[PDB]
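Novice: Pasting an experimental structure with its sequence.
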Number of protein chains: 2
Amino acid sequence: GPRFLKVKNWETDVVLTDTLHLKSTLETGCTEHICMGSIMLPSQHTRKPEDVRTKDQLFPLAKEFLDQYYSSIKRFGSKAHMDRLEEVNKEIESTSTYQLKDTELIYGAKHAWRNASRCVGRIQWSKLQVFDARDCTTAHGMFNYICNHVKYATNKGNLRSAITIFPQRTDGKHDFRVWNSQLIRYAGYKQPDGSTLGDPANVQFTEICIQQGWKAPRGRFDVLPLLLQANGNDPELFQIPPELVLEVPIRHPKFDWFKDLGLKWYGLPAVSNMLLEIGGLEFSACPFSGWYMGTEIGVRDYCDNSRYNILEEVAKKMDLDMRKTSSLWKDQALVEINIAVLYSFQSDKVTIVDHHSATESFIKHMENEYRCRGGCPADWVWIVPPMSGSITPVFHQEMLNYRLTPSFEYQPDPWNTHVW
Amino acid sequence: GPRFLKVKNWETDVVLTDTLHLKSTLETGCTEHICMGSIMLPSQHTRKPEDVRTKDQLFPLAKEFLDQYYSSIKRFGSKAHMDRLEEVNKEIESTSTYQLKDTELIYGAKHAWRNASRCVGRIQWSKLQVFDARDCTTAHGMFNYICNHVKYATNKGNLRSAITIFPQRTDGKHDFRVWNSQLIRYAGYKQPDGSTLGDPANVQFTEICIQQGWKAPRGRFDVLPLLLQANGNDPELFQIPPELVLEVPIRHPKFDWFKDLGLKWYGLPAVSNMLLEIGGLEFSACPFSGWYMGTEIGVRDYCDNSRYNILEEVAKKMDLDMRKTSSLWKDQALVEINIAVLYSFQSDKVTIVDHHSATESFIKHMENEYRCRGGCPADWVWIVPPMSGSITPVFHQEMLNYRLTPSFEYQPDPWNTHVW
Ligand code: HEM
Ligand code: HEM
Ligand SMILES: N=C(Nc1ccc(CCNCc2cccc(Cl)c2)cc1)c1cccs1
Ligand SMILES: N=C(Nc1ccc(CCNCc2cccc(Cl)c2)cc1)c1cccs1
Ligand SMILES: C[C@H](O)[C@H](O)[C@H]1CNc2nc(N)[nH]c(=O)c2N1
Ligand SMILES: C[C@H](O)[C@H](O)[C@H]1CNc2nc(N)[nH]c(=O)c2N1
Ligand SMILES: [Zn+2]
């Protein structure tokens, strides 16, 4: 179409028409001569470590959001709409910023998720619990909110999606940041013997903690301490209450020897290093959580070469023919590890979804979004699971990727800027 | 870089600099606001079913190629170069087209493959056998060349890459087309009982053949007849000599019951429906072949829902728990089917490569191409295998995709145009 883009499913031949892309103003990183679809950080809005948006750069963005928000409730042009535009406008003029009402914040958070093109679990987007932490002023206050978020979200295993929003960035005053990449994660330690204990992905953070006084248990699965930063002040260490950290011992439903591998993982995945942008406002500390898709742990966390990298050990115990890759011993061990993960979480009755169920519901979500919103931004490279790709329905689904706002963006690691 | 694009491997942290993209003039389908990286046919050059390039549209393209060809041999600007440019130019003026010398044709074919961004086996690109069939004038002549190609390429199981190039398109005279999607493929028949015998992907072609007199054996693995079109004349049916069609009975190295499934596949993959473009010239009939990557058969050909779709049967025989997707019975059966395929071809000593070995050599190829050519166009969506994606090195490799020429493009199915 000369404006209406079509995406087809090559497995079912269903074709959809996308008009929603016409509302994108942000750049993807691609040009008519080159495609950057497989670049992790095409740095098209990875949040500038620079200053902060100015009054002139903030009102247009603030206005774009309100127009969008009010059109949502079918009140575009209303007095309320125009009244609100004048308030924010006048408010930005005097304070160089503005405050979102509670309703606009909830709408913005849900849509940041709704617009997350790399997220396969968006069918859940409208069911998000928003915790307003904008009145927080210290690291102890942040610790409290986080513990409450973790308890709520965990819900004794029956996981519930949630996000806690700390004060937005200002200019000078300074901002809030959760130095951890995820609320709950395991430490990593580079052994002197060239070995690496724990999660290799968290070695640089583990060092920051240790230097701050953390008493690393020097174990394989040590839950890291929270390193919180409020109002641009130095970060502070806090130990999330163990009773609040739900974990699952990994065992196999057929291989009794699997237990002995000593594998375990935490049940609540919670991202804490991203930035939430709503109406030109930037919320640099907005930890959010949902639940795991089995492959995140079984394929990536456990089998990534630069992660726990457990394929050999498992393969050995299975007495596999690891003399040639053609035996597919890696693939075979990979399937068992993922069967163990699902079986375990399900046994402990901790919420989790397998890549088969997760991808099918995403297709349903896409069809829903095309019907009611005119489209759905999706990043194929990220939506397709790291194992058994073509046996899942998303592999055969063409997807259009574009940037819509509100949204979640990436931001510089706090220790690569924060002074002192 | 303000011109030098960088691709990184997130598993090894190696970063490469791409300058080669600066030589792309063709469009990818993406824009700064939207990415079409997962669209199968972004119709950016899927060969226009229209007329044919004119003299004015042909010389610039012819010139671009020669300049490229002569720069290859480090003779840009030479007398030979300029002499050749004037010949082709003058030749296009009188005949409205031109003829590539043997050397330019071989260089062009190898580079069409070298530039194939969706191909994971390009490390082999410089080792291609080029068969010049430009003197062919009838369907019988095409049949002969094809049989010879198949015999050469097959080489009794020790497969060798090759391509046979029939006469280029002209204007009126008319062109050559191999109506088959691949030289060797199985027929498909829609059963009256809603069933579908054979390969569902080939049902429409099987009908064309049958209507042309083909005596379909109405079996599950019936090698289709060749339907050749020379000089725009109606296509003619030919039966490739069975002794020339190498096939492999699929059996498992542990499950003796696998044999009984009656699975078999042919050893030579040969694409015959694409169009080769060199110097503005279009070779609408240029069948090419190499060898299989295990997953093409085991994952896609056998397990695609719209293909043989054999996951249940296999799963049943394995006595798997197919009551819930969480058991990963599909994944488990998928690994065994692929172990069977590799084991079988290897047993019969027919060339084949597993996704692990194939993807690692592609990484090596990429590193080679960045060193000597300044880059390598790669389509991530296609390069990453349909199973166990993240355990292969290409999954963690960022790839830049752009169109370089010479190249292989798609073209309209011959029966959707050819009259009579
Ligand atoms: C309801 C359950 C949910 C599931 C199963 C789910 C699953 C996923 C998965 C598998 C990924 C890939 C993660 C990776 O590869 O590292 C992902 C990415 C993402 N999810 Fe979801 N998600 C859910 C809820 C949420 C929530 C509550 C939010 C936000 C409010 C969210 C925002 C995102 C974002 C921003 C990404 C992209 C991360 C990036 O770009 O680095 N997800 N999700
Ligand atoms: C030497 C062994 C080779 C291997 C293992 C290999 C493997 C592959 C694989 C796995 C695909 C995916 C096919 C699909 O998903 O349908 C592919 C695509 C492709 N290969 Fe190669 N290849 C090889 C040789 C060749 C040769 C000889 C040529 C041409 C001279 C070639 C040209 C291409 C092209 C054009 C595509 C893209 C197809 C499309 O866009 O639809 N390949 N190759
Ligand atoms: N299923 C989840 N897991 C999850 C989601 C997102 C991420 C973030 C992955 N970020 C990768 C990345 C890519 C590029 C640059 C950077 Cl800094 C980071 C991690 C786990 C959920 C997390 C919160 C809700 S669901
Ligand atoms: N390994 C091979 N297999 C193979 C390569 C390419 C194709 C072509 C796949 N085309 C898919 C497609 C995609 C979009 C539109 C159309 Cl018409 C067709 C098939 C098998 C080789 C074939 C020739 C040499 S290697
Ligand atoms: C290089 C490539 O973009 C990178 O490895 C991507 C591929 N797809 C992914 N998909 C998900 N869900 N998560 C990831 O971290 C990645 N990594
Ligand atoms: C929709 C999506 O682009 C499509 O299913 C692609 C994905 N990757 C692929 N990769 C290869 N090698 N072959 C294919 O046919 C496909 N299909
Ligand atoms: Zn793109």
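Specialist: Received it, and whenever you're ready, just let me know what you need. Residues are numbered from 1 along each chain as shown, chains lettered A, B, ... in the order given. Ligands and ions are numbered 1, 2, ... in the order given.
Novice: Please list all residues in contact with the residue in the stretch 1-150 of chain A that ligand 6 sits nearest to.
Specialist: Residue nearest to ligand 6 within the stretch 1-150 of chain A: residue A:10 (5.3 Å; C-beta to the nearest ligand atom). Backbone N, C-alpha and C define where each C-beta goes, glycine included. Counting by C-beta atoms under 8 Å, 6 or more residues apart in numbering or on different chains, residue A:10 makes contact with A:396-398, B:40, B:306.
Novice: Could you count how many residues lie near the closest residue to residue A:189 other than its chain neighbours?
Specialist: Across the structure, with C-beta to C-beta, 6 or more residues apart in numbering or on different chains as the measure, the residue nearest residue A:189 apart from its sequence neighbours is residue A:197 (4.5 Å). Other residues within reach of residue A:197 by the criterion other C-beta atoms under 10 Å in any protein chain shown amount to 19.
Novice: what does residue A:410 give?
Specialist: By other C-beta under 10 Å, 14 other residues sit near residue A:410.
Novice: can you tell me which residues contact the nearest residue to residue A:305 once chain neighbours are set aside?
Specialist: Sequence neighbours aside, residue B:11 is the residue nearest to residue A:305 in space, at 5.7 Å (criterion: C-beta to C-beta, 6+ apart). Shown here is residue B:11, whose contacts under the criterion C-beta under 8 Å, 6+ apart are A:304-306, B:393, B:396-397.
Novice: what separates the residue lying closest to residue A:198 once chain neighbours are set aside from ligand 1, distance-wise?
Specialist: Counting by C-beta to C-beta, 6+ apart, residue A:198 lies nearest to residue A:188, which is 4.1 Å off, once chain neighbours are set aside. Using C-beta to the nearest ligand atom, to the nearest Å, residue A:188 is found at 17 Å from ligand 1.
Novice: Repeat that for residue A:85.
Specialist: Using C-beta to the nearest ligand atom, residue A:85 is found at 27 Å from ligand 1.
Novice: Let's verify that residue: helix, strand, or coil?
Specialist: Residue A:85 falls in the helix class when you classify it by DSSP: H, G, I helix; E, B strand; the rest coil.
Novice: and it, how many neighbours?
Specialist: Using other C-beta under 10 Å, residue A:85 has 16 other residues around it.
Novice: Show me which residues of chain A are close to ligand 7?
Specialist: Along chain A, the residues adjacent to ligand 7 under the rule C-beta under 5 Å from the ion are A:30, A:35, A:37.
Novice: Considering only those, which also neighbour chain B?
Specialist: A:30, A:35, A:37 (C-beta under 8 Å from any C-beta of the partner chain).
Novice: contacting residues for the most centrally placed residue in chain A?
Specialist: For chain A, the residue sitting closest to the mean C-alpha position, by C-alpha atoms, centre = their mean, is residue A:271 at 4.9 Å. In this structure, residue A:271 makes contact with A:181-182, A:287-289, judged by C-beta under 8 Å, 6+ apart.
Novice: Using CSV, please lay out the residues you listed together with neighbour count, secondary structure and distance to residue B:201.
Specialist: As requested, these are exported to CSV (neighbours: other C-beta atoms under 10 Å in any protein chain shown; DSSP: H, G, I helix; E, B strand; the rest coil; distance: C-beta to C-beta, whole Å):
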residue, neighbour count, secondary structure, distance to residue B:201
A:181, 16, coil, 44
A:182, 18, strand, 43
A:287, 28, coil, 47
A:288, 26, strand, 43
A:289, 25, strand, 43
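Novice: Go through these and say which is closest to ligand 1.
Specialist: Here the nearest of the contacts of residue A:271 to ligand 1, counting by C-beta to the nearest ligand atom, is residue A:288; it sits at 4.1 Å.
Novice: for the nearest residue to the closest one once chain neighbours are set aside, helix, strand, or coil?
Specialist: Using C-beta to C-beta, 6+ apart and skipping the chain neighbours, the partner closest in space to residue A:288 is residue A:163 (3.7 Å). Going by three-state DSSP, the secondary structure assigned to residue A:163 is strand.
Novice: Residue A:163 against residue A:125, yeah?
Specialist: No - between residue A:163 and residue A:125 there is no contact under C-beta atoms under 8 Å: 11.6 Å.
Novice: Between these two, which has more neighbouring residues?
Specialist: For residue A:163 versus residue A:125, neighbours defined as other C-beta under 10 Å are more numerous around residue A:163 (27 against 19).
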